[PDB]
Number of protein chains: 2
Amino acid sequence: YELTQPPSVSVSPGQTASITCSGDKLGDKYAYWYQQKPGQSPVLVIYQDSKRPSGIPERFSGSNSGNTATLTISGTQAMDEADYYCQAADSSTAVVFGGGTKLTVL
Amino acid sequence: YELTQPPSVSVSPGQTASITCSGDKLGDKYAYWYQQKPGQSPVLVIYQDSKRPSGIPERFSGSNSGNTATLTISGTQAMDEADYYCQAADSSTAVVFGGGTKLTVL
């Protein structure tokens, strides 16, 4: 992992969860965020810093400034529990990866 | 209580720590960050989202977007161990406050 993420984030149902991702000059790369439930297909939730793919709710938002990219999830529910991974792209590349954050909804 | 921060963040010396601060439409306000060691004066480390007072190490940076403001400390030192509190100002309405994050180095 060349990108740093908190190992874990915990929130109560309905609270907003935020997950950070840091690296040197991360802001000059596009951040991508994946929701990964063990044994299931990864889901891209945010791309190019702040863009939501079709089918991803306005609940999910992202930004990338300076050395830190942040994914925010409002109105967290149980089905948001997963590992979240950031990656930074630019090309001519290559993708650098974060270590993952376990999100628990208590 | 108005803004939400993680209860704690733990890092090893030299590692990057980030602390989040969330609230509805927080991104439309100015975020301010205070470092507070018990029994000492609070120290303003970041103001107006990303601005750094003189005397504050360049290791400290911040940003604010959507519903989340983020304080980042690169190359964390034992001296940085403290409680960190976010606040948000409308420069027209009353400040709203976060509940504080304990940063432990080690």
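What's counted below: heavy atoms across the whole structure, side chains too, no hydrogens, waters or symmetry copies. Throughout, a chain's letter reflects where its sequence line sits, starting with A, and its residues are numbered from 1.
Heavy atoms only, all atoms of each residue included: A:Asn64 and A:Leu26 are closest at ND2-O, 3.2 Å. Shown here for A:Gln36 and A:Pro42, the closest heavy-atom pair between the two residues is OE1-CG, 3.3 Å. Minimum interatomic distance between A:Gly75 and A:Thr16 (heavy atoms only, all atoms of both residues): N-OG1, 4.5 Å. In terms of heavy atoms, A:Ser18 sits closest to A:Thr72 at OG-OG1, 3.7 Å. Summarising the geometry of B:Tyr85 relative to B:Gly99, their closest heavy-atom pair is CE2-O, 3.7 Å, with the distance given to 0.1 Å. Considering all non-hydrogen atoms of both residues, A:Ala89 and A:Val95 come closest at CB-CG2, 4.3 Å.
For the atom pair B:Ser41 OG and B:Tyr34 OH, the distance stands at 9.5 Å (nearest 0.5 Å). Atom OG of B:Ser50 sits about 13.0 Å away from atom CH2 of B:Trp33, to the nearest 0.5 Å. Note that the NZ atom of B:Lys51 and the OG atom of B:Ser61 stand 15.0 Å from one another [nearest 0.5 Å]. Note: A:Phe60 CZ to A:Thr76 OG1 = 9.5 Å, rounded to the nearest 0.5 Å. Atoms OG1 and CD, from A:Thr4 and B:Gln15 in turn, are 7.0 Å apart once rounded to the nearest 0.5 Å.
Put simply, the residue from A:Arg59, A:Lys37, A:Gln35 that forms a side-chain hydrogen bond (donor to acceptor under 3.5 Å, both in side chains) with A:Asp80 is A:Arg59.
The shortest distance between side-chain heavy atoms of B:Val9 and B:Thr104 does not fall below 4.5 Å. Between A:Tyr32 and A:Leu44, the closest side-chain pair of non-hydrogen atoms falls below 4.5 Å. Put simply, the side chain of B:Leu71 reaches to within 4.5 Å of the side chain of B:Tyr84, judged on heavy atoms.
In this structure, B:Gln77 contributes its side chain and B:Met79 its backbone to no donor-acceptor pair below 3.5 Å. No donor-acceptor distance shorter than 3.5 angstrom exists from the side chain of B:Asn67 to the backbone of B:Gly27, with no hydrogens or angles considered. Of the possible donor and acceptor atoms, none in the side chain of B:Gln87 sits under 3.5 Å from a partner among the backbone N and O of B:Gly98. No donor-acceptor distance shorter than 3.5 angstrom exists from the side chain of B:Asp49 to the backbone of B:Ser63, with no hydrogens or angles considered. Formation of a donor-acceptor pair under 3.5 Å by the A:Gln48 side chain with backbone atoms of A:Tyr30 is not found in this model.
Within 6.0 Å of CD on A:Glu2 lie no more than 12 heavy atoms contributed by other residues, nucleotides or ligands. A 6.0 Å sphere centred on CG of A:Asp24 holds no more than 12 heavy atoms belonging to other residues, nucleotides or ligands.
Taking the charged nitrogens against the carboxylate oxygens, A:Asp28 and A:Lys25 do have a contact shorter than 4.0 Å, which makes a salt bridge. B:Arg52 has a carboxylate O that lies under 4.0 Å from a charged side-chain N of B:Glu58, or vice versa, which qualifies the two as a salt bridge. Contact check on A:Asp83 versus A:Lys102 returns no salt bridge, with no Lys/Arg side-chain nitrogen under 4.0 Å from an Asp/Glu carboxylate oxygen.
Both B:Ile56 and B:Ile19 belong to a single network of hydrophobic side chains, linked directly or stepwise wherever heavy atoms of I, L, V, M, F, W or Y lie under 4.5 Å apart.
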Practice item. Report the C-alpha separation of B:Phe97 and B:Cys86 in whole Å, then their side-chain angles, then the decisive distance to 0.1 Å, and conclude whether the side chain to side chain contact (heavy atoms under 4.5 Å, CB included) test is met. Key: CA-CA 6 Å; B:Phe97 304 82; B:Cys86 63; over 6 Å; no

**Study point:** Derivation of the side chain to side chain contact (heavy atoms under 4.5 Å, CB included) call for A:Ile73 and A:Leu103
**Key:** CA-CA 10 Å; A:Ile73 306 174; A:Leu103 177 68; 4.1 Å; yes

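Looking only at atom types and distance, the side chain of B:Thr70 has a donor-acceptor partner in the side chain of A:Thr70 under 3.5 Å away.
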